Amino acid sequence: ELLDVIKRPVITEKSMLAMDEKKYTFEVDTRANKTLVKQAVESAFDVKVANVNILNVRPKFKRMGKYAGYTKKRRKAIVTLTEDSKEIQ
Amino acid sequence: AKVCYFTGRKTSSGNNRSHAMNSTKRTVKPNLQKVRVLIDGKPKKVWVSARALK
Amino acid sequence: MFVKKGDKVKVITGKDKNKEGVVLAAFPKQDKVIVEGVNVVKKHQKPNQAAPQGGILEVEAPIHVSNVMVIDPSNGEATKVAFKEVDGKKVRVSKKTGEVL
Amino acid sequence: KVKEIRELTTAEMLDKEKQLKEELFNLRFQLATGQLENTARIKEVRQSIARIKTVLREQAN
RNA sequence: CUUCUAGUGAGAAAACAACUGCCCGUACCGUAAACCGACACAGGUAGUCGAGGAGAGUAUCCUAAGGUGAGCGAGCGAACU
RNA sequence: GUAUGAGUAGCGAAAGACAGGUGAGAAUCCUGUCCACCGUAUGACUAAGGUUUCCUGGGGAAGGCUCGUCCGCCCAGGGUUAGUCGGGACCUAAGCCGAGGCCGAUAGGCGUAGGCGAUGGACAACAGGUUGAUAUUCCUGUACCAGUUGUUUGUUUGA
RNA sequence: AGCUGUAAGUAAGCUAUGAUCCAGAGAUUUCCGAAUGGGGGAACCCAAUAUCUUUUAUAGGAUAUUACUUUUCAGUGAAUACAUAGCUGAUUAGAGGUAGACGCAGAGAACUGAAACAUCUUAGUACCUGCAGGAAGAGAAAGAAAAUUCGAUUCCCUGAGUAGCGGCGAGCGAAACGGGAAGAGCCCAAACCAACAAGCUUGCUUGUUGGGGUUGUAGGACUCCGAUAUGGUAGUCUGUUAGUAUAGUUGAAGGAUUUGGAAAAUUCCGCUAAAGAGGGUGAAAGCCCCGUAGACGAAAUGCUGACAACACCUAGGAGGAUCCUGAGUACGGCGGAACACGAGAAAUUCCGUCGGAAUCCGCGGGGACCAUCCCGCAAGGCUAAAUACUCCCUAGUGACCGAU
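For each chain, positions are counted from 1 along the sequence as written; this may not be the entry's numbering. Residues without coordinates are not shown. Starting at A for chains and at 1 for ligands, labels are handed out in the order in which the entities are written. Only some chains of a larger assembly appear here, and every value describes just that portion. To obtain the side-chain values, all non-hydrogen atoms of the structure were included, while hydrogens and water were left out.

As stated in the entry header, the method of structure determination is cryo-EM and the reported resolution is 2.9 Å.

Turning next to the overall build of chain A. The helix and strand tally for chain A stands at two helices and six strands. The helix and strand sequence of chain A, counted from the amino end, reads β-α-β-α-β-β-β-β. In chain A, which comprises 89 residues, the share counted as buried stands at 26%. Residue contacts follow a heavy-atom distance rule, with two residues in contact if any of their heavy atoms lie within 4.5 Å. Across chain A, contacts joining residues at least 24 apart in sequence account for 57% of those joining residues at least 6 apart. In short, Shrake-Rupley with a 1.4 Å probe defines the accessible areas, and a residue's cover is counted only from the protein chains shown. For chain A, the exposed area adds up to about 6,700 Å²; of that, 48% sits on carbon and sulfur atoms. In this tally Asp and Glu are treated as negative and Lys and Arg as positive; neither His nor the chain ends contributes. Working definition for charges: the position is that of NZ of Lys, CZ of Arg, CG of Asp or CD of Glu. Side-chain charges in chain A split into 20 positive and 12 negative, and the spacing between the mean points of these groups amounts to 13 Å. Numbering of helices and strands starts at the N terminus; helices are DSSP runs of H or I of at least 4 residues and strands are runs of E of at least 2. Residue exposure (1.4 Å probe, protein chains only): buried if accessible area is under 20% of the type maximum, exposed if over 50%, otherwise partly exposed.

Our focus in this paragraph is the pairing of strand β2 (residues 20–27) of chain C. Residue and element names in this part refer to chain C. Bridge count between strand β1 (residues 8–11) and β2: three bridges; the pairing is antiparallel. Across the sheet, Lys 8 pairs through a bridge with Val 22, a residue of β2. By this definition, two strands are paired if DSSP reports at least two bridges between them. Both β2 and strand β3 (residues 32–35) contribute to a ladder of four bridges, which runs antiparallel. By the bridge assignment for β3, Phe 27 is matched with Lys 32. Linkage of β2 to β3, two consecutive antiparallel strands, is achieved through a turn of four residues, within which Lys 29 is found at a positive phi near 75 degrees.

Residue proximity to a molecule or strand is established when one non-hydrogen atom of the residue lies within 4 Å of it. Neighbouring RNA strand G are 43 residues, the closest being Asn 22, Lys 25 and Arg 51 of chain B, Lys 95 of chain C together with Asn 38 of chain D. Polar contact is defined as a pair of N or O atoms within 3.5 Å, subject to the rule that within protein one atom must be able to donate a hydrogen and the other to accept it, and that residues adjacent in sequence are counted only when both atoms are side-chain atoms. Side-chain polar atom of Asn 33 of chain A to a sugar or linking oxygen of RNA strand G: 3.2 Å apart, as the coordinates give it. Of all the secondary-structure elements, those providing two or more residues to the surface near RNA strand G are α2 (34–45) of chain A, β1 (12–17) and β2 (23–28) of chain B together with β9 (81–83) of chain C. Among the elements that make up the surface near RNA strand G, the one with the highest residue count is β1 of chain B (five residues). For this scheme, ten residues count as nonpolar: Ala, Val, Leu, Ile, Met, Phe, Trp, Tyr, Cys and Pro. Four count as charged, namely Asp, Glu, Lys and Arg, and the remainder, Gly too, count as polar. Taken together, the residues that form the surface near RNA strand G break down as nine nonpolar, 16 polar and 18 charged.

Before going further, it helps to spend a moment on the protein's contact with RNA strand E. Residue and element names in this part refer to chain A. Surveying the vicinity of RNA strand E reveals the residues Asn 33, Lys 34, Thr 35, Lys 38, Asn 56 and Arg 75. Among the atoms of RNA strand E close to the protein, meaning within 4 Å, 100% are from sugar or phosphate groups. One nitrogen or oxygen atom from the side chain of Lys 38 is found 3.0 Å from a phosphate oxygen belonging to RNA strand E. For the surface near RNA strand E, the per-class residue count stands at no nonpolar, three polar and three charged.

The next thing to look at is the sheet that holds strand β2 (residues 23–28) of chain A. Read across the open sheet, the four strands follow the order β1-β2-β6-β3 (chain A); overall the sheet is antiparallel. Edge strands, defined here as strands with exactly one partner in the open sheet, are β1 (6–9) and β3 (49–57) of chain A. Taken over all neighbouring pairs, the strand axes of this sheet differ in orientation by 30 degrees on average, direction set aside. As paired elements, β1 of chain A and β2 of chain A share three bridges and run antiparallel to each other. Each residue of the ladder has a partner; that of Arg 8 of chain A, found in β2 of chain A, is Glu 27 of chain A. Here, axes are lines fitted to C-alpha atoms. For helices the fit covers the stretch in contact, and angles between N-to-C directions go from 0 to 180 degrees. Across the sheet, α2 of chain A is in contact with β1, β2, β3 and β6 (74–81) of chain A; its angle to β3 of chain A comes to roughly 125 degrees. On top of the sheet, helix α2 (residues 10–32) of chain D reaches β1 and β2 of chain A; it is set at about 30 degrees to β1 of chain A, its chief contact.

Moving on: the pattern of salt bridges. Salt bridges are counted wherever a side-chain nitrogen of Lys or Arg sits within 4 Å of a carboxyl oxygen of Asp or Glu. Per the stated rule, a full pass over the model turns up seven salt bridges over all chains. Residue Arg 92 of chain C is joined to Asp 7 of chain C by a salt bridge in which the shortest nitrogen-to-oxygen separation is 3.4 Å. Residue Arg 92 of chain C is located in strand β10 (residues 92–94), and its partner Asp 7 of chain C is located in the segment before β1; the two are separated by 85 residues in the primary sequence. Judged by relative accessible area, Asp 7 of chain C falls into the buried class, the value being 10%. Across the pair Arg 41 of chain D and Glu 44 of chain D runs a salt bridge, and its minimum N-O distance is 3.9 Å. Highlighted residues: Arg 41 of chain D and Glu 44 of chain D, both in helix α3 (residues 41–59), separated by three residues, approximately one helical turn. Connected through salt bridges with shared partners, the residues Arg 8, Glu 27 and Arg 74 of chain A form a single ionic network.

Listed below in structure tokens is the structure:
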């Protein structure tokens, strides 16, 4: 559906270093492809993509007030470019 | 040997009774034989009671 | 709630008996009301975003709504309140000679 | 505010749906990178999309 | 995988260039304080690698690469176990 | 819920010592130097199993058989990247399920075609560098496997 | 007139152009699960066929369809020729859960009591399996009785701890009469008569549709004349209103004084009631707040009546020549069970097995059996109410509990 696929960017210290090699981190939808994410990114910014990489993240046990339960699941995709750039801030 | 096609005779239970009136359980059965009949053209081998063939 | 947020009101019971004041806020579903200058309380705050010098401060506390009575704006005596059929914006039509509140 | 969505056609309907979905994408990217003073606009857009979709269902029987 | 035909059945062999290639796991412990034993428990846990001197050797004693000083202490130096 | 036994038994195999740091406070945490222990293992890698225990910055109420400034404990943030490795889009063993079928008070039991099912068969990538935490997965160099596009004669069958 | 649940805390906002909130009707509704395209260690994996999309292209995305059985219809079809097994397609229904309740069936214990234990008891109870319905089951006399009878079924009182049954032990235990709640009756088969098809016996034998016909005071067919009207329904998603459930509206009458932090308490002097039930308020309130008695209200959807239409059903008198009235059935021997009734002198009702009637000059019952008299007419179908139960929703109640 190409506009519900990408959720938001990841902004951590390991992801700032990737922006200097032309790599961008997004939390994407669960039930999404390597190929589907690639299509969505090429559609929403007009770039050219080499190589999406993709991971799954486990939920974490948390415990606030004598009530415990897990956070969400997560999907993280890292998008490499040929030559162009996206400006997120 | 489970029922008959035209009546319904099936198996049931009964008692033995042995000369001092002791009772145990027991099976009673009908007298079913396999026969070829013409039920709507094509013959079939069905279980039929001997009382309905009589 | 039979009493509204902008409204002059007199006090029936509780140590501010006979005081008047304009209603400051209405809390339906707990049936309380804040009246101007009526239930003064003294707190003790430590510095936070508002008043980075947290002294001993004084504001009103909500009293129960049945400790209160409406005053006819035009005449000035406390009245029980009734509802009557004007051109169909039913307003509180005061008892004590049928005037609109 | 359906009183205006009922002043349009089923082509401009799908057009404004595209526009609002794109607005949601951009809002969602603002909220993550430290912007978006007015956070009450995310709910408003969700509800305008909901309205277009109900009105389009109603009219096509 | 390799052959042989039967077979619906234009005309695919091979040069260069540039492109495409999905889903699940992947941290860390693992002869152990993270597994099975209610315990930070003298027990148990499949497989590969596993160096030197003297030696038949993966035995024995001392060592290399690597690891460790073990989660109550200080004194005294009786009977008894 | 609280006593007595009673401040008694025990504190779960083993080598430490001193100097200097930190700190409210140190036999027990950090840094050094010498000493001592294992070494077909008490070293390195991995399949189960566990499931965040992993890394960085703080904390000291409880847990830790003493202590604690410390921790596999507590609070906040962060970490797992594959055409080629292991599994699926491949194959079948034991066993299991089984359209029709055959049996049987009911419920149901068995079994043919056809399937599921690795502990076995088949199957294309290597060496080095890099983080606080991943690497045959990221990067560098040089490859390989299956496809797609373009530029380089009778489907009879001798194409 | 405020509001964004618990839920504080802050940040952004919404609302007098009517928010929030409340009742009726709609829309959306991921994935698993009977789970049903194939698979599977539930919430996962892998497809086929069409239409549509991304890309120069392959790879990628979306939407529909695809289990099994039955029951109706075409096509194809054969060991074996004619065609039946089979196969493909279209159509029709099921399938699972529960309210730990109530009902009807199938199969069916033991400890226990007998002061031991076998018949017997516990008990056709517990458990398991099938089928249901809002209730089920039974139901329109092959009946109950005994002169003088009464008329379908169910439930309650009584008969009565009686008559009975019983190692005649432990123990089990009726029914009809009499008094009540509720009340209701109907439809087929057969003879016969027509239309059609086959056997064209061109005899009228086989059948399909429609008519006729439903009983014991015997009834019907059939022939004879009358009438061709009149009494009803347990029927419909048809109209006309009347009510009703699901939000709401309005609703009387008090001030001062003393003691307290605070009065509803005390003391004075008033008022109100078709409302002195109950809850709240800084302590104990008819008169402060919410209510109460009384009066009023529904756009929408669902229920229950009534009256209209539409659909169905229903006639007398006579005759007694002939035809009909449920067959492997009633019944009998053998073996078991159910009846309060344990084989007993054992009628009545069922199941298995073998034998096996009659036809109105008939057939069954009145507790072995016979004769006489009396009451009924089996071997076909359906049916409201009066009775049982409460997972759940509304409104209440208690000489019921009050944190072991």
